[PDB]
file entry_10.cif (mmCIF, C-alpha atoms)
data_data
#
loop_
_atom_site.group_PDB
_atom_site.id
_atom_site.type_symbol
_atom_site.label_atom_id
_atom_site.label_comp_id
_atom_site.auth_asym_id
_atom_site.auth_seq_id
_atom_site.Cartn_x
_atom_site.Cartn_y
_atom_site.Cartn_z
ATOM 1 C CA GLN M 491 -22.847 -5.306 26.470
ATOM 2 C CA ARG M 492 -19.725 -7.043 27.755
ATOM 3 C CA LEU M 493 -17.623 -5.782 24.841
ATOM 4 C CA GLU M 494 -18.720 -2.177 25.298
ATOM 5 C CA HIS M 495 -17.939 -2.545 28.997
ATOM 6 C CA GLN M 496 -14.465 -3.839 28.111
ATOM 7 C CA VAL M 497 -13.946 -1.021 25.603
ATOM 8 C CA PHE M 498 -14.716 1.732 28.081
ATOM 9 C CA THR M 499 -12.715 -0.036 30.794
ATOM 10 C CA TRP M 500 -9.707 -0.117 28.465
ATOM 11 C CA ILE M 501 -10.283 3.554 27.657
ATOM 12 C CA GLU M 502 -10.197 4.511 31.325
ATOM 13 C CA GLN M 503 -7.287 2.188 32.123
ATOM 14 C CA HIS M 504 -5.101 4.657 30.172
ATOM 15 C CA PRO M 505 -6.038 8.138 31.436
ATOM 16 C CA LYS M 506 -3.153 9.737 29.522
ATOM 17 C CA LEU M 507 -5.173 9.158 26.358
ATOM 18 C CA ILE M 508 -7.892 11.802 26.048
ATOM 19 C CA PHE M 509 -11.401 10.946 24.851
ATOM 20 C CA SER M 510 -13.885 13.782 24.524
ATOM 21 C CA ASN M 511 -17.505 13.262 25.500
ATOM 22 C CA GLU M 512 -18.219 13.721 21.795
ATOM 23 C CA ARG M 513 -15.640 11.055 20.949
ATOM 24 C CA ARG M 514 -17.011 8.775 23.667
ATOM 25 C CA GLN M 515 -20.520 9.190 22.265
ATOM 26 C CA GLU M 516 -19.182 8.415 18.789
ATOM 27 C CA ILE M 517 -17.613 5.186 20.047
ATOM 28 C CA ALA M 518 -20.900 4.372 21.771
ATOM 29 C CA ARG M 519 -22.781 4.889 18.505
ATOM 30 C CA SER M 520 -20.374 2.632 16.624
ATOM 31 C CA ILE M 521 -20.407 -0.138 19.235
ATOM 32 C CA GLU M 522 -24.181 -0.170 19.659
ATOM 33 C CA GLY M 523 -25.007 -0.861 16.003
ATOM 34 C CA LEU M 524 -22.326 -3.420 15.129
ATOM 35 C CA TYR M 525 -22.978 -5.640 12.106
ATOM 36 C CA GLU M 526 -26.212 -3.737 11.559
ATOM 37 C CA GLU M 527 -24.617 -0.434 10.529
ATOM 38 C CA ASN M 528 -20.823 -0.814 10.567
ATOM 39 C CA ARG M 529 -18.081 -3.375 11.036
ATOM 40 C CA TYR M 530 -16.132 -3.468 14.294
ATOM 41 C CA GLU M 531 -13.036 -1.880 12.737
ATOM 42 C CA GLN M 532 -14.588 1.574 13.060
ATOM 43 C CA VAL M 533 -14.222 1.151 16.822
ATOM 44 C CA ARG M 534 -10.525 0.376 16.473
ATOM 45 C CA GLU M 535 -10.307 3.303 14.076
ATOM 46 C CA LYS M 536 -11.540 5.669 16.766
ATOM 47 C CA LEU M 537 -9.259 4.229 19.446
ATOM 48 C CA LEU M 538 -6.187 4.319 17.217
ATOM 49 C CA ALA M 539 -7.015 7.904 16.285
ATOM 50 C CA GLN Q 491 -5.656 -4.608 -7.671
ATOM 51 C CA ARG Q 492 -7.549 -1.361 -8.272
ATOM 52 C CA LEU Q 493 -7.308 -0.486 -4.572
ATOM 53 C CA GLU Q 494 -3.558 -1.044 -4.696
ATOM 54 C CA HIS Q 495 -3.432 1.252 -7.708
ATOM 55 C CA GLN Q 496 -5.356 3.948 -5.844
ATOM 56 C CA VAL Q 497 -3.213 3.669 -2.714
ATOM 57 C CA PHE Q 498 0.036 4.024 -4.626
ATOM 58 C CA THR Q 499 -1.465 6.809 -6.720
ATOM 59 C CA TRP Q 500 -2.227 8.596 -3.459
ATOM 60 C CA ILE Q 501 1.406 8.304 -2.388
ATOM 61 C CA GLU Q 502 2.879 9.546 -5.653
ATOM 62 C CA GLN Q 503 0.568 12.561 -5.659
ATOM 63 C CA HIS Q 504 1.988 13.643 -2.292
ATOM 64 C CA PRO Q 505 5.731 14.072 -2.931
ATOM 65 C CA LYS Q 506 6.366 15.650 0.478
ATOM 66 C CA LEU Q 507 5.896 12.229 2.119
ATOM 67 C CA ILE Q 508 8.949 9.970 2.074
ATOM 68 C CA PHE Q 509 7.902 6.346 1.567
ATOM 69 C CA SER Q 510 11.131 4.376 1.529
ATOM 70 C CA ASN Q 511 11.337 1.219 -0.547
ATOM 71 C CA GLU Q 512 11.023 -0.934 2.569
ATOM 72 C CA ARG Q 513 7.813 0.762 3.679
ATOM 73 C CA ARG Q 514 6.480 0.482 0.138
ATOM 74 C CA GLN Q 515 7.108 -3.263 0.356
ATOM 75 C CA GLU Q 516 5.322 -3.358 3.708
ATOM 76 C CA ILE Q 517 2.248 -1.619 2.303
ATOM 77 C CA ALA Q 518 2.355 -3.735 -0.846
ATOM 78 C CA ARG Q 519 2.269 -6.981 1.099
ATOM 79 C CA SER Q 520 -0.310 -5.750 3.604
ATOM 80 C CA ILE Q 521 -2.658 -4.883 0.742
ATOM 81 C CA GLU Q 522 -1.750 -8.162 -0.949
ATOM 82 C CA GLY Q 523 -3.084 -10.021 2.071
ATOM 83 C CA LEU Q 524 -6.419 -8.256 2.500
ATOM 84 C CA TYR Q 525 -9.049 -10.281 4.345
ATOM 85 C CA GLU Q 526 -6.992 -13.460 4.125
ATOM 86 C CA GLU Q 527 -4.346 -12.330 6.622
ATOM 87 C CA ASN Q 528 -4.872 -8.766 7.838
ATOM 88 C CA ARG Q 529 -7.727 -6.312 7.702
ATOM 89 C CA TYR Q 530 -7.346 -2.919 6.072
ATOM 90 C CA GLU Q 531 -6.233 -1.471 9.394
ATOM 91 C CA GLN Q 532 -2.627 -2.501 8.812
ATOM 92 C CA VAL Q 533 -2.453 -0.531 5.556
ATOM 93 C CA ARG Q 534 -3.954 2.787 6.592
ATOM 94 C CA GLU Q 535 -2.039 2.475 9.856
ATOM 95 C CA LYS Q 536 1.234 2.608 7.923
ATOM 96 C CA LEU Q 537 0.006 5.429 5.701
ATOM 97 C CA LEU Q 538 -0.892 7.295 8.887
ATOM 98 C CA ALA Q 539 2.524 6.442 10.311
ATOM 99 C CA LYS E 736 37.842 33.275 36.141
ATOM 100 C CA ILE E 737 38.623 29.562 36.461
ATOM 101 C CA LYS E 738 36.167 29.207 39.346
ATOM 102 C CA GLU E 739 33.540 31.018 37.257
ATOM 103 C CA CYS E 740 34.133 28.522 34.449
ATOM 104 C CA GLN E 741 33.771 25.646 36.911
ATOM 105 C CA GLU E 742 30.486 27.047 38.249
ATOM 106 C CA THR E 743 29.136 27.524 34.724
ATOM 107 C CA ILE E 744 30.079 23.944 33.861
ATOM 108 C CA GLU E 745 28.340 22.709 37.016
ATOM 109 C CA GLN E 746 25.099 24.508 36.156
ATOM 110 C CA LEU E 747 25.208 23.371 32.531
ATOM 111 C CA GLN E 748 25.847 19.770 33.602
ATOM 112 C CA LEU E 749 22.806 19.945 35.871
ATOM 113 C CA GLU E 750 20.571 21.293 33.106
ATOM 114 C CA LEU E 751 21.925 18.808 30.553
ATOM 115 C CA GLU E 752 21.199 15.859 32.828
ATOM 116 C CA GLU E 753 17.708 17.196 33.549
ATOM 117 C CA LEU E 754 17.028 17.359 29.812
ATOM 118 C CA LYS E 755 18.401 13.836 29.366
ATOM 119 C CA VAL E 756 16.039 12.589 32.078
ATOM 120 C CA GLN E 757 13.076 14.246 30.368
ATOM 121 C CA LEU E 758 14.082 12.770 27.010
ATOM 122 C CA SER E 759 14.202 9.339 28.640
ATOM 123 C CA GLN E 760 10.727 10.007 30.042
ATOM 124 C CA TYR E 761 9.455 10.766 26.544
ATOM 125 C CA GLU E 762 11.048 7.623 25.110
ATOM 126 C CA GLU E 763 9.444 5.584 27.889
ATOM 127 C CA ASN E 764 6.087 7.152 27.062
ATOM 128 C CA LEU E 765 6.516 6.252 23.395
ATOM 129 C CA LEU E 766 7.183 2.662 24.432
ATOM 130 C CA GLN E 767 4.088 2.790 26.649
ATOM 131 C CA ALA E 768 1.946 3.941 23.730
ATOM 132 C CA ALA E 769 3.399 1.247 21.480
ATOM 133 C CA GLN E 770 2.518 -1.276 24.182
ATOM 134 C CA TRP E 771 -1.010 0.110 24.511
ATOM 135 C CA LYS E 772 -1.757 -0.433 20.821
ATOM 136 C CA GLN E 773 -1.419 -4.186 21.303
ATOM 137 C CA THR E 774 -3.673 -4.393 24.378
ATOM 138 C CA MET E 775 -6.874 -3.223 22.693
ATOM 139 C CA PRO E 776 -10.112 -5.200 23.158
ATOM 140 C CA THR E 777 -11.259 -7.433 20.324
ATOM 141 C CA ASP E 778 -14.645 -8.510 18.988
ATOM 142 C CA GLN E 779 -13.801 -12.196 18.558
ATOM 143 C CA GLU E 780 -16.715 -13.476 20.636
ATOM 144 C CA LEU E 781 -19.290 -11.059 19.236
ATOM 145 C CA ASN E 782 -18.102 -11.921 15.731
ATOM 146 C CA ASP E 783 -18.518 -15.630 16.445
ATOM 147 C CA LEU E 784 -22.015 -15.121 17.833
#
call {"tool": "encode", "arguments": {"input": "entry_10.cif", "output": "structure tokens"}}
result
Amino acid sequence: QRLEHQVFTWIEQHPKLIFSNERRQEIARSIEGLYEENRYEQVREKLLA
Amino acid sequence: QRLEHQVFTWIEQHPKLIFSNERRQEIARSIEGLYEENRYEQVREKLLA
Amino acid sequence: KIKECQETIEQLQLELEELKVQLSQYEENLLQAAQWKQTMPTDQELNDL
């Protein structure tokens, strides 16, 4: 919970970067199922995209 | 080793992309240190660069 | 004619400096982005747990 909170805080701390609601939902999907469905890198993949 | 082969077979199939010798060294070493030093992110990040 | 040349040079100087300012803005934004890449959240604690 804390990490997802940090992730979205960091997202909104840089408004210039644009995250679609679809992209935000994708990041939510990745973060929710960590180590059960995918490694954490896929989160950094979506941010760096 | 096979992954290194595939990465540098992906470069040489795309001649329109100019990978200098220095960047080739960078990618070579970043692959060379997979999971001991740096995750995959540092390789595909340079390819994407 | 000479005064016309001087006026043209004045206007062109103004526009040139405006473009230089905008180019500096873009370089600053590139540096901002480069800085942002480093400040991403990490999953160290979740990984440890």
call {"tool": "closest_atom_pairs", "arguments": {"input": "entry_10.cif", "of": "chain M", "to": "chain E", "cutoff": "8 Å", "atoms": "all atoms listed in the file", "output": "JSON lines"}}
result
{"residue": "M:493", "atom": "CA", "partner": "E:778", "partner_atom": "CA", "distance": 7.1}
{"residue": "M:496", "atom": "CA", "partner": "E:776", "partner_atom": "CA", "distance": 6.7}
{"residue": "M:497", "atom": "CA", "partner": "E:776", "partner_atom": "CA", "distance": 6.2}
{"residue": "M:500", "atom": "CA", "partner": "E:775", "partner_atom": "CA", "distance": 7.1}
{"residue": "M:530", "atom": "CA", "partner": "E:778", "partner_atom": "CA", "distance": 7.0}
{"residue": "M:538", "atom": "CA", "partner": "E:772", "partner_atom": "CA", "distance": 7.4}
call {"tool": "interface_residues", "arguments": {"input": "entry_10.cif", "of": "chain M", "to": "chain Q", "cutoff": "12 Å", "atoms": "only C-alpha atoms", "output": "VMD selection string"}}
result
chain M and resid 529 to 539
call {"tool": "atom_distance", "arguments": {"input": "entry_10.cif", "atom1": "atom CA of residue Q:498", "atom2": "atom CA of residue Q:527"}}
result
20.3 Å
call {"tool": "atom_distance", "arguments": {"input": "entry_10.cif", "atom1": "atom CA of residue M:518", "atom2": "atom CA of residue E:773"}}
result
21.3 Å
call {"tool": "atom_distance", "arguments": {"input": "entry_10.cif", "atom1": "atom CA of residue M:511", "atom2": "atom CA of residue M:495"}}
result
16.2 Å
